[PDB]
């Protein structure tokens, strides 16, 4: 469905990246976060939920989801907790050299993934949500 996202973590250069995939489109939002903690996870989810209609998020149900913080953020935002990601690392690989900081490379990779084309993932998410509306 249109409001359904998957949230996973992935690790590079000793750092933690959260990757959110909009399941129907393949569109991705990803960011390096300071640590894999409830507080940083909640922050990431709140950010995502303000930008797209997030109804449900499928997660790995690990340690950073057992605490009060993520529960509180999902409650507040009205979110239920109920192939793109190796590719993301591959693109980061292709572009790593052009950026000093991993965080920059991550955002270049997100850009490339979402714009690649007859439809890009970015066009697909928009069409799907507009149709739902």
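Residue numbers count along the first chain shown, from 1.
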{"property": "Size class of the missing deposited segment between residue 117 and residue 118", "result": "4 to 9"}
{"property": "Interresidue gap class [residue 82, residue 83; deposited sequence, unmodelled]", "result": "10 or more"}
{"property": "67 to 75 set against 50 to 58, stretch whose average Cα temperature factor tops the other in the entry", "result": "67 to 75"}
{"property": "Residue range whose averaged C-alpha B-factor is higher in the record, 95 to 103 or 29 to 37", "result": "95 to 103"}
{"property": "Ranked against its chain, the third holding the CA B-factor of residue 129", "result": "middle"}
